[PDB]
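Engineer: If it helps, the file is called coords_37.txt and holds compact mmCIF, N, CA and C atoms:
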# COMPACT_ATOMS: atom_id res chain seq x y z
N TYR X 162 -37.64 -6.94 0.41
CA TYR X 162 -38.48 -7.82 1.19
C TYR X 162 -37.67 -8.42 2.32
N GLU X 163 -36.48 -8.99 2.07
CA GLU X 163 -35.59 -9.50 3.08
C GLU X 163 -35.12 -8.43 4.03
N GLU X 164 -34.75 -7.22 3.58
CA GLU X 164 -34.38 -6.14 4.49
C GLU X 164 -35.51 -5.76 5.44
N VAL X 165 -36.74 -5.56 4.92
CA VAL X 165 -37.92 -5.25 5.72
C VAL X 165 -38.45 -6.43 6.53
N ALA X 166 -38.47 -7.66 5.99
CA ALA X 166 -38.87 -8.90 6.62
C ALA X 166 -37.87 -9.31 7.68
N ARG X 167 -36.57 -9.10 7.43
CA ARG X 167 -35.55 -9.26 8.43
C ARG X 167 -35.64 -8.22 9.51
N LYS X 168 -35.95 -6.95 9.20
CA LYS X 168 -36.34 -5.99 10.23
C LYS X 168 -37.56 -6.46 10.96
N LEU X 169 -38.60 -6.97 10.27
CA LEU X 169 -39.74 -7.58 10.92
C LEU X 169 -39.31 -8.68 11.87
N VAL X 170 -38.46 -9.64 11.45
CA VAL X 170 -37.86 -10.65 12.32
C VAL X 170 -37.01 -10.06 13.44
N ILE X 171 -36.16 -9.04 13.21
CA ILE X 171 -35.36 -8.42 14.27
C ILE X 171 -36.22 -7.71 15.29
N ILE X 172 -37.17 -6.89 14.80
CA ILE X 172 -38.14 -6.15 15.58
C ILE X 172 -39.05 -7.12 16.31
N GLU X 173 -39.50 -8.21 15.64
CA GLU X 173 -40.21 -9.35 16.20
C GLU X 173 -39.39 -10.12 17.21
N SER X 174 -38.11 -10.40 16.99
CA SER X 174 -37.23 -11.01 17.97
C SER X 174 -37.03 -10.14 19.21
N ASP X 175 -36.87 -8.80 19.02
CA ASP X 175 -36.93 -7.80 20.07
C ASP X 175 -38.28 -7.72 20.72
N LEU X 176 -39.37 -7.85 19.95
CA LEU X 176 -40.76 -7.94 20.35
C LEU X 176 -40.99 -9.14 21.21
N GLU X 177 -40.55 -10.35 20.80
CA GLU X 177 -40.65 -11.58 21.56
C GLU X 177 -39.91 -11.45 22.86
N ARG X 178 -38.70 -10.87 22.84
CA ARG X 178 -37.98 -10.54 24.05
C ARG X 178 -38.57 -9.40 24.88
N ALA X 179 -39.16 -8.36 24.28
CA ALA X 179 -39.88 -7.28 24.94
C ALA X 179 -41.19 -7.73 25.54
N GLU X 180 -41.92 -8.62 24.83
CA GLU X 180 -43.08 -9.37 25.23
C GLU X 180 -42.73 -10.36 26.32
N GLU X 181 -41.59 -11.09 26.18
CA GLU X 181 -41.01 -11.92 27.22
C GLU X 181 -40.68 -11.09 28.44
N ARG X 182 -40.06 -9.90 28.27
CA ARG X 182 -39.91 -8.94 29.35
C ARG X 182 -41.22 -8.46 29.92
N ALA X 183 -42.26 -8.19 29.10
CA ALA X 183 -43.61 -7.93 29.54
C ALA X 183 -44.17 -9.09 30.34
N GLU X 184 -44.03 -10.36 29.91
CA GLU X 184 -44.38 -11.57 30.64
C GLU X 184 -43.57 -11.83 31.90
N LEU X 185 -42.24 -11.64 31.90
CA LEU X 185 -41.37 -11.73 33.06
C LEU X 185 -41.64 -10.63 34.07
N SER X 186 -41.79 -9.39 33.58
CA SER X 186 -42.17 -8.21 34.35
C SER X 186 -43.58 -8.27 34.85
N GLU X 187 -44.54 -8.80 34.07
CA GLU X 187 -45.90 -9.12 34.46
C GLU X 187 -45.95 -10.28 35.43
N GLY X 188 -45.09 -11.30 35.23
CA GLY X 188 -44.79 -12.35 36.19
C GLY X 188 -44.41 -11.78 37.52
N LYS X 189 -43.35 -10.95 37.55
CA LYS X 189 -42.99 -10.17 38.72
C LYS X 189 -44.09 -9.24 39.21
N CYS X 190 -44.84 -8.54 38.33
CA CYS X 190 -45.94 -7.67 38.70
C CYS X 190 -47.02 -8.44 39.43
N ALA X 191 -47.44 -9.61 38.90
CA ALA X 191 -48.35 -10.54 39.51
C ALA X 191 -47.80 -11.12 40.81
N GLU X 192 -46.52 -11.58 40.86
CA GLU X 192 -45.87 -12.08 42.07
C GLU X 192 -45.84 -11.03 43.16
N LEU X 193 -45.40 -9.80 42.81
CA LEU X 193 -45.41 -8.65 43.68
C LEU X 193 -46.80 -8.22 44.06
N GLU X 194 -47.80 -8.33 43.16
CA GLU X 194 -49.20 -8.13 43.47
C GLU X 194 -49.74 -9.16 44.44
N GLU X 195 -49.41 -10.45 44.28
CA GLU X 195 -49.71 -11.51 45.21
C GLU X 195 -49.03 -11.30 46.55
N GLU X 196 -47.72 -10.96 46.56
CA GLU X 196 -46.99 -10.56 47.75
C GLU X 196 -47.54 -9.30 48.36
N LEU X 197 -47.88 -8.28 47.56
CA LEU X 197 -48.51 -7.04 47.96
C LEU X 197 -49.81 -7.33 48.64
N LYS X 198 -50.70 -8.13 48.02
CA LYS X 198 -51.92 -8.56 48.65
C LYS X 198 -51.71 -9.43 49.86
N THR X 199 -50.77 -10.39 49.86
CA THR X 199 -50.43 -11.18 51.05
C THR X 199 -49.94 -10.30 52.19
N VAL X 200 -48.98 -9.39 51.92
CA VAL X 200 -48.45 -8.42 52.86
C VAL X 200 -49.49 -7.39 53.27
N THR X 201 -50.30 -6.84 52.35
CA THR X 201 -51.43 -5.94 52.63
C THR X 201 -52.55 -6.61 53.39
N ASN X 202 -52.87 -7.89 53.11
CA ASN X 202 -53.79 -8.68 53.92
C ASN X 202 -53.25 -8.96 55.30
N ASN X 203 -51.94 -9.26 55.41
CA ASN X 203 -51.21 -9.29 56.67
C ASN X 203 -51.18 -7.94 57.34
N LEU X 204 -51.00 -6.83 56.61
CA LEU X 204 -51.06 -5.46 57.09
C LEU X 204 -52.41 -5.15 57.68
N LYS X 205 -53.50 -5.52 56.99
CA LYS X 205 -54.85 -5.37 57.48
C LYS X 205 -55.18 -6.26 58.66
N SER X 206 -54.71 -7.53 58.65
CA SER X 206 -54.78 -8.43 59.79
C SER X 206 -53.98 -7.88 60.96
N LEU X 207 -52.78 -7.29 60.71
CA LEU X 207 -51.92 -6.62 61.66
C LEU X 207 -52.35 -5.24 62.07
N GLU X 208 -53.16 -4.52 61.30
CA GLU X 208 -53.83 -3.29 61.70
C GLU X 208 -54.92 -3.63 62.69
N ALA X 209 -55.71 -4.67 62.34
CA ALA X 209 -56.68 -5.26 63.23
C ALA X 209 -56.02 -5.84 64.47
N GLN X 210 -54.89 -6.57 64.36
CA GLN X 210 -54.12 -7.00 65.50
C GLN X 210 -53.49 -5.87 66.25
N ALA X 211 -52.80 -4.88 65.65
CA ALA X 211 -52.16 -3.78 66.34
C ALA X 211 -53.15 -2.96 67.14
N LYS I 112 -33.59 -18.24 -66.96
CA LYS I 112 -34.31 -17.26 -66.15
C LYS I 112 -35.28 -17.89 -65.17
N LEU I 113 -35.93 -18.99 -65.55
CA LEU I 113 -36.74 -19.82 -64.68
C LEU I 113 -35.92 -20.42 -63.57
N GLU I 114 -34.73 -20.99 -63.88
CA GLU I 114 -33.76 -21.42 -62.89
C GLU I 114 -33.30 -20.25 -62.03
N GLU I 115 -32.97 -19.06 -62.57
CA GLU I 115 -32.65 -17.88 -61.77
C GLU I 115 -33.78 -17.37 -60.88
N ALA I 116 -35.02 -17.28 -61.39
CA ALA I 116 -36.21 -16.87 -60.67
C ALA I 116 -36.62 -17.88 -59.60
N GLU I 117 -36.63 -19.18 -59.95
CA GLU I 117 -36.87 -20.30 -59.07
C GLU I 117 -35.76 -20.45 -58.06
N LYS I 118 -34.48 -20.29 -58.46
CA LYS I 118 -33.35 -20.24 -57.56
C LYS I 118 -33.37 -19.05 -56.63
N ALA I 119 -33.79 -17.86 -57.10
CA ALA I 119 -34.07 -16.70 -56.28
C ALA I 119 -35.17 -17.02 -55.27
N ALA I 120 -36.27 -17.68 -55.70
CA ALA I 120 -37.27 -18.21 -54.80
C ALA I 120 -36.73 -19.27 -53.83
N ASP I 121 -35.99 -20.30 -54.29
CA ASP I 121 -35.40 -21.40 -53.54
C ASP I 121 -34.35 -20.94 -52.52
N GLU I 122 -33.45 -20.03 -52.94
CA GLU I 122 -32.44 -19.41 -52.10
C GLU I 122 -33.02 -18.40 -51.13
N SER I 123 -33.94 -17.53 -51.58
CA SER I 123 -34.68 -16.65 -50.68
C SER I 123 -35.57 -17.41 -49.73
N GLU I 124 -36.18 -18.53 -50.16
CA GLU I 124 -36.89 -19.51 -49.34
C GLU I 124 -35.97 -20.19 -48.36
N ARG I 125 -34.75 -20.62 -48.73
CA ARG I 125 -33.77 -21.07 -47.75
C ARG I 125 -33.29 -20.01 -46.79
N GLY I 126 -33.04 -18.78 -47.29
CA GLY I 126 -32.82 -17.58 -46.51
C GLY I 126 -33.89 -17.41 -45.48
N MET I 127 -35.16 -17.43 -45.96
CA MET I 127 -36.40 -17.46 -45.22
C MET I 127 -36.48 -18.61 -44.24
N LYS I 128 -36.16 -19.87 -44.61
CA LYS I 128 -36.13 -20.99 -43.67
C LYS I 128 -35.17 -20.78 -42.53
N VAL I 129 -33.95 -20.27 -42.80
CA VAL I 129 -33.00 -19.95 -41.75
C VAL I 129 -33.48 -18.84 -40.85
N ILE I 130 -34.04 -17.74 -41.42
CA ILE I 130 -34.50 -16.62 -40.62
C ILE I 130 -35.91 -16.77 -40.07
N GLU I 131 -36.73 -17.71 -40.57
CA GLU I 131 -38.00 -18.17 -40.06
C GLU I 131 -37.76 -19.15 -38.95
N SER I 132 -36.79 -20.08 -39.12
CA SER I 132 -36.27 -20.89 -38.02
C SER I 132 -35.63 -20.03 -36.96
N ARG I 133 -34.90 -18.96 -37.34
CA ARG I 133 -34.45 -17.94 -36.42
C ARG I 133 -35.60 -17.17 -35.79
N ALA I 134 -36.62 -16.72 -36.57
CA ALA I 134 -37.82 -16.09 -36.06
C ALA I 134 -38.54 -16.98 -35.08
N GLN I 135 -38.68 -18.29 -35.38
CA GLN I 135 -39.19 -19.31 -34.49
C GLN I 135 -38.35 -19.46 -33.21
N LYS I 136 -37.01 -19.54 -33.30
CA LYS I 136 -36.13 -19.59 -32.13
C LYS I 136 -36.15 -18.33 -31.29
N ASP I 137 -36.14 -17.15 -31.94
CA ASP I 137 -36.28 -15.83 -31.36
C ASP I 137 -37.67 -15.64 -30.77
N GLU I 138 -38.75 -16.12 -31.43
CA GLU I 138 -40.14 -16.14 -30.99
C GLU I 138 -40.33 -17.04 -29.80
N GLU I 139 -39.85 -18.30 -29.85
CA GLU I 139 -39.86 -19.19 -28.70
C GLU I 139 -39.04 -18.61 -27.57
N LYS I 140 -37.81 -18.13 -27.84
CA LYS I 140 -37.02 -17.49 -26.82
C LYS I 140 -37.65 -16.22 -26.28
N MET I 141 -38.22 -15.32 -27.10
CA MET I 141 -38.93 -14.14 -26.63
C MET I 141 -40.15 -14.51 -25.82
N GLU I 142 -40.95 -15.54 -26.20
CA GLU I 142 -42.06 -16.02 -25.40
C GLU I 142 -41.59 -16.60 -24.10
N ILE I 143 -40.52 -17.42 -24.11
CA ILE I 143 -39.91 -17.95 -22.91
C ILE I 143 -39.40 -16.82 -22.03
N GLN I 144 -38.62 -15.87 -22.57
CA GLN I 144 -38.12 -14.70 -21.87
C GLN I 144 -39.22 -13.77 -21.42
N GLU I 145 -40.31 -13.60 -22.19
CA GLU I 145 -41.50 -12.86 -21.81
C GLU I 145 -42.27 -13.54 -20.70
N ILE I 146 -42.50 -14.86 -20.76
CA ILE I 146 -43.12 -15.62 -19.68
C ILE I 146 -42.26 -15.59 -18.43
N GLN I 147 -40.94 -15.81 -18.58
CA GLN I 147 -39.97 -15.66 -17.52
C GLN I 147 -39.85 -14.25 -17.01
N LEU I 148 -39.97 -13.22 -17.86
CA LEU I 148 -40.05 -11.83 -17.47
C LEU I 148 -41.30 -11.56 -16.70
N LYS I 149 -42.47 -12.05 -17.17
CA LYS I 149 -43.74 -11.95 -16.48
C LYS I 149 -43.64 -12.61 -15.15
N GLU I 150 -43.10 -13.83 -15.06
CA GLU I 150 -42.82 -14.48 -13.80
C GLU I 150 -41.75 -13.81 -12.95
N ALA I 151 -40.59 -13.38 -13.48
CA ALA I 151 -39.57 -12.65 -12.72
C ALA I 151 -40.08 -11.32 -12.20
N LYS I 152 -40.89 -10.62 -13.03
CA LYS I 152 -41.68 -9.48 -12.64
C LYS I 152 -42.79 -9.83 -11.68
N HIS I 153 -43.56 -10.92 -11.84
CA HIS I 153 -44.57 -11.41 -10.92
C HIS I 153 -43.99 -11.83 -9.61
N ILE I 154 -42.81 -12.47 -9.58
CA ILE I 154 -41.98 -12.73 -8.41
C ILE I 154 -41.52 -11.43 -7.81
N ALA I 155 -41.05 -10.44 -8.60
CA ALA I 155 -40.71 -9.11 -8.12
C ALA I 155 -41.93 -8.41 -7.53
N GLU I 156 -43.10 -8.44 -8.20
CA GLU I 156 -44.36 -7.94 -7.71
C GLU I 156 -44.87 -8.68 -6.51
N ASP I 157 -44.75 -10.02 -6.47
CA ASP I 157 -45.05 -10.87 -5.35
C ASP I 157 -44.13 -10.59 -4.18
N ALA I 158 -42.82 -10.42 -4.42
CA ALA I 158 -41.81 -9.97 -3.49
C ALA I 158 -42.01 -8.53 -3.02
N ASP I 159 -42.44 -7.58 -3.89
CA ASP I 159 -42.93 -6.24 -3.59
C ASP I 159 -44.23 -6.27 -2.80
N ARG I 160 -45.19 -7.16 -3.14
CA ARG I 160 -46.39 -7.41 -2.36
C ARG I 160 -46.05 -7.96 -1.01
N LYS I 161 -45.16 -8.97 -0.96
CA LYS I 161 -44.63 -9.50 0.28
C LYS I 161 -43.90 -8.45 1.03
Show the structure stored in the file as structure tokens.
Structural biologist:
Amino acid sequence: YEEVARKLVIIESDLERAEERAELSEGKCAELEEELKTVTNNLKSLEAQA
Amino acid sequence: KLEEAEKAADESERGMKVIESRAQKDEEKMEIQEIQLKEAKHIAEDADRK
């Protein structure tokens, strides 16, 4: 139980960090998506301007 | 012969008291060890379930 539950905790601690990486990377994905949309909206405003 | 027969009864009865008190101690200990075995096994089963 401790070997498997400790694997559950290790895998879960890696999971929390992988999930944290999913949240940090999703944070960046959303930030880059906001920047992408800001830059793409600027691109479209600048296509219209160009 | 009455003293021998009664003494055989009295001594076998004392024999019996010691080994009945032993049967009682062994019985209480086996019930305790059986309940503790059931619980140590139930903890093992609970730990196996866990």
Engineer: What are the closest atom pairs, with distances in Å to one decimal, for all residues of chain I lying within 12 Å of chain X? Consider only C-alpha atoms, order rows by chain and residue number, and present the result as a Markdown table.
Structural biologist:
| residue | atom | partner | partner_atom | distance |
| --- | --- | --- | --- | --- |
| I:154 | CA | X:162 | CA | 11.3 |
| I:155 | CA | X:162 | CA | 9.7 |
| I:156 | CA | X:162 | CA | 10.7 |
| I:157 | CA | X:162 | CA | 9.8 |
| I:158 | CA | X:162 | CA | 6.1 |
| I:159 | CA | X:162 | CA | 6.7 |
| I:160 | CA | X:162 | CA | 8.7 |
| I:161 | CA | X:162 | CA | 6.4 |
Engineer: Specify the axis-aligned box that encloses all atoms of segment 143-160 of chain I listed in the file after padding of 6 Å on each side, stating its centre and edge lengths in Å to one decimal as AutoDock Vina command-line options.
Structural biologist:
--center_x -42.3 --center_y -12.1 --center_z -12.6 --size_x 20.3 --size_y 23.7 --size_z 35.1
Engineer: How many Å lie between atom CA of residue 203 of chain X and atom N of residue 188 of chain X, rounded to one decimal?
Structural biologist: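 Rounded to one decimal, the two atoms are 22.4 Å apart.
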Engineer: What separation in Å, quoted to one decimal, exists between atom CA of residue 149 of chain I and atom CA of residue 128 of chain I?
Structural biologist: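 We find that atom CA of residue 149 of chain I and atom CA of residue 128 of chain I lie 29.6 Å from each other.
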Engineer: Calculate how many Å separate atom C of residue 194 of chain X from atom N of residue 210 of chain X, rounding to one decimal.
Structural biologist: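 We find that atom C of residue 194 of chain X and atom N of residue 210 of chain X lie 20.7 Å from each other.
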Engineer: Give me segment 183-202 of chain X with N, CA, C and O atoms filled in, as a PDB file, in the frame of the given file.
Structural biologist:
ATOM      1  N   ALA X 183     -42.260  -8.190  29.100  1.00  0.00           N
ATOM      2  CA  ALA X 183     -43.610  -7.930  29.540  1.00  0.00           C
ATOM      3  C   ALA X 183     -44.170  -9.090  30.340  1.00  0.00           C
ATOM      4  O   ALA X 183     -44.645  -8.863  31.430  1.00  0.00           O
ATOM      5  N   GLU X 184     -44.030 -10.360  29.910  1.00  0.00           N
ATOM      6  CA  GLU X 184     -44.380 -11.570  30.640  1.00  0.00           C
ATOM      7  C   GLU X 184     -43.570 -11.830  31.900  1.00  0.00           C
ATOM      8  O   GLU X 184     -44.124 -12.228  32.919  1.00  0.00           O
ATOM      9  N   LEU X 185     -42.240 -11.640  31.900  1.00  0.00           N
ATOM     10  CA  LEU X 185     -41.370 -11.730  33.060  1.00  0.00           C
ATOM     11  C   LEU X 185     -41.640 -10.630  34.070  1.00  0.00           C
ATOM     12  O   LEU X 185     -41.702 -10.853  35.273  1.00  0.00           O
ATOM     13  N   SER X 186     -41.790  -9.390  33.580  1.00  0.00           N
ATOM     14  CA  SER X 186     -42.170  -8.210  34.350  1.00  0.00           C
ATOM     15  C   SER X 186     -43.580  -8.270  34.850  1.00  0.00           C
ATOM     16  O   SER X 186     -43.815  -7.805  35.954  1.00  0.00           O
ATOM     17  N   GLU X 187     -44.540  -8.800  34.070  1.00  0.00           N
ATOM     18  CA  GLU X 187     -45.900  -9.120  34.460  1.00  0.00           C
ATOM     19  C   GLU X 187     -45.950 -10.280  35.430  1.00  0.00           C
ATOM     20  O   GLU X 187     -46.711 -10.278  36.380  1.00  0.00           O
ATOM     21  N   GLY X 188     -45.090 -11.300  35.230  1.00  0.00           N
ATOM     22  CA  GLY X 188     -44.790 -12.350  36.190  1.00  0.00           C
ATOM     23  C   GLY X 188     -44.410 -11.780  37.520  1.00  0.00           C
ATOM     24  O   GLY X 188     -45.119 -11.969  38.489  1.00  0.00           O
ATOM     25  N   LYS X 189     -43.350 -10.950  37.550  1.00  0.00           N
ATOM     26  CA  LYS X 189     -42.990 -10.170  38.720  1.00  0.00           C
ATOM     27  C   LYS X 189     -44.090  -9.240  39.210  1.00  0.00           C
ATOM     28  O   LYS X 189     -44.297  -9.122  40.407  1.00  0.00           O
ATOM     29  N   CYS X 190     -44.840  -8.540  38.330  1.00  0.00           N
ATOM     30  CA  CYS X 190     -45.940  -7.670  38.700  1.00  0.00           C
ATOM     31  C   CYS X 190     -47.020  -8.440  39.430  1.00  0.00           C
ATOM     32  O   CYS X 190     -47.423  -8.029  40.509  1.00  0.00           O
ATOM     33  N   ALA X 191     -47.440  -9.610  38.900  1.00  0.00           N
ATOM     34  CA  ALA X 191     -48.350 -10.540  39.510  1.00  0.00           C
ATOM     35  C   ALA X 191     -47.800 -11.120  40.810  1.00  0.00           C
ATOM     36  O   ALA X 191     -48.495 -11.097  41.814  1.00  0.00           O
ATOM     37  N   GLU X 192     -46.520 -11.580  40.860  1.00  0.00           N
ATOM     38  CA  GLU X 192     -45.870 -12.080  42.070  1.00  0.00           C
ATOM     39  C   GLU X 192     -45.840 -11.030  43.160  1.00  0.00           C
ATOM     40  O   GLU X 192     -46.284 -11.239  44.276  1.00  0.00           O
ATOM     41  N   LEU X 193     -45.400  -9.800  42.810  1.00  0.00           N
ATOM     42  CA  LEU X 193     -45.410  -8.650  43.680  1.00  0.00           C
ATOM     43  C   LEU X 193     -46.800  -8.220  44.060  1.00  0.00           C
ATOM     44  O   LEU X 193     -46.991  -7.733  45.145  1.00  0.00           O
ATOM     45  N   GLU X 194     -47.800  -8.330  43.160  1.00  0.00           N
ATOM     46  CA  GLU X 194     -49.200  -8.130  43.470  1.00  0.00           C
ATOM     47  C   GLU X 194     -49.740  -9.160  44.440  1.00  0.00           C
ATOM     48  O   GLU X 194     -50.461  -8.819  45.383  1.00  0.00           O
ATOM     49  N   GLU X 195     -49.410 -10.450  44.280  1.00  0.00           N
ATOM     50  CA  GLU X 195     -49.710 -11.510  45.210  1.00  0.00           C
ATOM     51  C   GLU X 195     -49.030 -11.300  46.550  1.00  0.00           C
ATOM     52  O   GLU X 195     -49.677 -11.341  47.579  1.00  0.00           O
ATOM     53  N   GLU X 196     -47.720 -10.960  46.560  1.00  0.00           N
ATOM     54  CA  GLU X 196     -46.990 -10.560  47.750  1.00  0.00           C
ATOM     55  C   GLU X 196     -47.540  -9.300  48.360  1.00  0.00           C
ATOM     56  O   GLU X 196     -47.712  -9.243  49.574  1.00  0.00           O
ATOM     57  N   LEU X 197     -47.880  -8.280  47.560  1.00  0.00           N
ATOM     58  CA  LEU X 197     -48.510  -7.040  47.960  1.00  0.00           C
ATOM     59  C   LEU X 197     -49.810  -7.330  48.640  1.00  0.00           C
ATOM     60  O   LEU X 197     -50.024  -6.922  49.746  1.00  0.00           O
ATOM     61  N   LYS X 198     -50.700  -8.130  48.020  1.00  0.00           N
ATOM     62  CA  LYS X 198     -51.920  -8.560  48.650  1.00  0.00           C
ATOM     63  C   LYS X 198     -51.710  -9.430  49.860  1.00  0.00           C
ATOM     64  O   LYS X 198     -52.384  -9.222  50.854  1.00  0.00           O
ATOM     65  N   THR X 199     -50.770 -10.390  49.860  1.00  0.00           N
ATOM     66  CA  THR X 199     -50.430 -11.180  51.050  1.00  0.00           C
ATOM     67  C   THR X 199     -49.940 -10.300  52.190  1.00  0.00           C
ATOM     68  O   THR X 199     -50.435 -10.373  53.298  1.00  0.00           O
ATOM     69  N   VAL X 200     -48.980  -9.390  51.920  1.00  0.00           N
ATOM     70  CA  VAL X 200     -48.450  -8.420  52.860  1.00  0.00           C
ATOM     71  C   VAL X 200     -49.490  -7.390  53.270  1.00  0.00           C
ATOM     72  O   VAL X 200     -49.590  -7.089  54.441  1.00  0.00           O
ATOM     73  N   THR X 201     -50.300  -6.840  52.350  1.00  0.00           N
ATOM     74  CA  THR X 201     -51.430  -5.940  52.630  1.00  0.00           C
ATOM     75  C   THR X 201     -52.550  -6.610  53.390  1.00  0.00           C
ATOM     76  O   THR X 201     -53.169  -6.029  54.270  1.00  0.00           O
ATOM     77  N   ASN X 202     -52.870  -7.890  53.110  1.00  0.00           N
ATOM     78  CA  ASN X 202     -53.790  -8.680  53.920  1.00  0.00           C
ATOM     79  C   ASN X 202     -53.250  -8.960  55.300  1.00  0.00           C
ATOM     80  O   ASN X 202     -53.985  -8.840  56.275  1.00  0.00           O
TER      81      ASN X 202
END
